[PDB]
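Asker: Dropping the structure in here first, questions after.
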Amino acid sequence: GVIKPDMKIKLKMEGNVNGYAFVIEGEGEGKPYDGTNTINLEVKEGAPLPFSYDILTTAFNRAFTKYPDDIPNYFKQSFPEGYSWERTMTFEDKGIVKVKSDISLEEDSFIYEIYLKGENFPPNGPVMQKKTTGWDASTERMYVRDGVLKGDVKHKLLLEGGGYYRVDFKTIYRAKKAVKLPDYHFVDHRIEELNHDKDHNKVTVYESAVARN
């Protein structure tokens, strides 16, 4: 099919957080059937970013998910036409991020066109004060609503000094063709900043994702 065991990634994100504008380009690769992906990110406008890089990482593609044979794969079935997604991240201190991404396929490269807007983050909270220490492992509840796939996460951003900062994810995934719809299932995630430079001008993100009943 069009989804090969090794695939590349190209992305551009236009972002605005608490009114601060920025542009990020990424290049990476992954193993769609293994459910693993790596993206190398460079800030092109707005360096040094004046907020926590953790609020962007989950924006930088469920095509990279390991799926048991018996659970229909909403994402892989969508290609070559691909799919788009829109997401609201609601933070326990009333900060909010809204993301949309178009996922297309050019030969053996996924292409992501991302728009991100964050607002109402407390100026002295851990996002704007860069006091976050990465995402916990998560489980995303995947379920069909109105003919498209919804993903819900009760997520946690770890904090410097210990404990965590609650974030609810609601995502809507919209295939650009008729696909066999899965029953309700789970996707377990682990996302990691593998490395970065002093101001997160250059960041490498890794994610693994596996579907189970």
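All Cβ positions, even for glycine, are placed from backbone atoms using ideal geometry, and neighbour counts span all protein chains on display. Values quoted throughout were computed directly from the atomic coordinates according to the rules given, and no laboratory measurement underlies them.
Asker: If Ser101 passes every condition in (1) assigned to a loop (DSSP other than H, G, I, E, B); (2) within 21 Å of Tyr143 (Cα to Cα); (3) not aliphatic (A, V, I, L, M) but one, which one does it miss?
Answerer: Among (1) assigned to a loop (DSSP other than H, G, I, E, B); (2) within 21 Å of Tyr143 (Cα to Cα); (3) not aliphatic (A, V, I, L, M), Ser101 violates only (1).
Asker: Go through region 106-131 and give me each residue that's crowded, with 18+ Cβ neighbours inside 10 Å and either at positive phi or in a strand (DSSP E or B) (or both).
Answerer: Across region 106-131, the qualifying residues are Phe110, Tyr112, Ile114, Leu116, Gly118.
Asker: Considering only region 16-24, I want to know if a residue exists there that is touching a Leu at 6+ places or on another chain (Cβ under 8 Å) and surrounded by fewer than 14 Cβ atoms within 10 Å (Cβ to Cβ).
Answerer: We begin by selecting, within region 16-24, every residue touching a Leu at 6+ places or on another chain (Cβ under 8 Å); these are 16-17, 20, 22, 24.
Now restrict to residues that are surrounded by fewer than 14 Cβ atoms within 10 Å (Cβ to Cβ): 20.
The answer is yes; a qualifying residue exists.
Asker: Select from region 182-213 the residues that are part of a loop (DSSP other than H, G, I, E, B), under 27 Å from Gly46 (Cβ atoms) and not basic (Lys, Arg) and list them in ascending order.
Answerer: Of the residues in region 182-213, the ones part of a loop (DSSP other than H, G, I, E, B) are 182-184, 197-201, 213.
Next, only the ones that are under 27 Å from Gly46 (Cβ atoms) stay: 197-201.
The answer is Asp197, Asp199, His200, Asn201.
Asker: So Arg166 fits all but one of (1) closer than 30 Å to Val2 by Cα; (2) surrounded by fewer than 20 Cβ atoms within 10 Å (Cβ to Cβ); what number is the exception?
Answerer: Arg166 satisfies every listed condition except (1).
Asker: What residue, of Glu81, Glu29, is at negative phi, surrounded by fewer than 19 Cβ atoms within 10 Å (Cβ to Cβ) and under 18 Å from the mean Cα position of the chain (by Cα)?
Answerer: Values: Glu81 fails: under 18 Å from the mean Cα position of the chain (by Cα).
It is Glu29.
Asker: Filter region 99-150 for residues that are closer than 23 Å to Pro182 by Cα, aromatic (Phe, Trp, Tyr) and under 15 Å from the mean Cα position of the chain (by Cα) and give the result.
Answerer: Once the filter is applied, which keeps residues that are closer than 23 Å to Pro182 by Cα, aromatic (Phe, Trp, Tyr) and under 15 Å from the mean Cα position of the chain (by Cα), region 99-150 yields only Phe110.
Asker: Sort out which residues of region 161-202 are among the aliphatic types (A, V, I, L, M) and more than 17 Å from the chain's Cα centre (by Cα), and write them in order of number.
Answerer: Within region 161-202, the first condition is being among the aliphatic types (A, V, I, L, M), and the residues that meet it are 167, 172, 175, 178-179, 181, 187, 191, 194.
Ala178, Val179, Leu181 - these are the residues of region 161-202 that are among the aliphatic types (A, V, I, L, M) and more than 17 Å from the chain's Cα centre (by Cα).
Asker: Another one. Need a quick list: strands (runs of 3 or more DSSP E) entirely within region 1-98 having at least 2 residues that are among the polar types (S, T, N, Q) and in contact with a strand residue (DSSP E or B) (Cβ under 7 Å, 6 or more places away or on another chain). Walk me through how you get there before you give the answer.
Answerer: On the way: elements: 7-17, 20-31, 36-45, 83-91.
Qualifying strands (runs of 3 or more DSSP E): 36-45, 83-91.
Asker: Going through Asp69, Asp136, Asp93 one at a time, which residue ends up being closer than 24 Å to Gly28 by Cβ and of a type in the set (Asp, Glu)?
Answerer: Details: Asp69 fails: closer than 24 Å to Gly28 by Cβ; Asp93 fails: closer than 24 Å to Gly28 by Cβ.
That would be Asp136, the only listed residue that is closer than 24 Å to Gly28 by Cβ and of a type in the set (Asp, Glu).
Residue by residue, here is whether (1) closer than 21 Å to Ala63 by Cβ; (2) among the hydroxyl-bearing types (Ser, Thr, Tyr) holds:
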{"position": "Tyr143", "(1), (2)": "yes, yes"}
{"position": "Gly162", "(1), (2)": "no, no"}
{"position": "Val167", "(1), (2)": "no, no"}
{"position": "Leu181", "(1), (2)": "yes, no"}
{"position": "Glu192", "(1), (2)": "yes, no"}
